[PDB]
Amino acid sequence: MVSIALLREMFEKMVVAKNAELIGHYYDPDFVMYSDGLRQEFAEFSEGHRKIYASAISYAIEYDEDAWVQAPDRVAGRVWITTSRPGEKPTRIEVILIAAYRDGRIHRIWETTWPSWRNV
């Protein structure tokens, strides 16, 4: 159930597909995200992705297949997210993240990014 494969599925079927209807499928209602010093609870997180998943943004994801760590109900890994906007130069961000699960859904993420997504 909880595995690298499940975290990878969230990236592919929610982020890359920009499918806001799957936020609640992959994320626990008590989810909290920590990203580069910011903390967001589930509803802010969901409203934010749903607003972005409505724009003309596009996502591509690369995985570092050497960096995975898989424990019962927790995964850590290293990925690169490349973000494209209409006619704009694409930007690539490296993300290292820890995902802790509750009842098969993501309950906590702790992540940091380089260069920080704060101003991409």
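All residue numbers refer to positions in the sequence shown, first residue = 1.
Peer 1: Comparing 86-94 with 62-70, where is the mean C-alpha B-factor higher?
Peer 2: The recorded data point to 86-94.
Peer 1: With reference to the PDB entry, specify whether the mean Cα temperature factor is higher for 1-9 or for 111-119.
Peer 2: Going by the record's values, the stretch with the higher mean is 111-119.
Peer 1: Would you mind checking which of 80, 34, 31, 53 has the top Cα temperature factor in the PDB entry?
Peer 2: Comparing C-alpha B-factors across 80, 34, 31, 53, the top value belongs to 53.
Peer 1: How does residue 76 rank on Cα B-factor within its chain, lowest, middle or highest third?
Peer 2: According to the entry, residue 76 has a C-alpha B-factor in the chain's lowest third.
Peer 1: Once the chain's modelled residues are ordered by C-alpha B factor and cut into thirds, is residue 105 in the lowest, middle or highest one?
Peer 2: For residue 105, whose C-alpha B-factor we compare with every modelled residue in the chain, the answer is the lowest third.
Peer 1: According to the PDB entry, is the CA B factor of residue 15 in the bottom, middle or top third of its chain, that is, lowest, middle or highest?
Peer 2: Within its chain, residue 15 is a middle-third residue by C-alpha B-factor, going by the deposited values.
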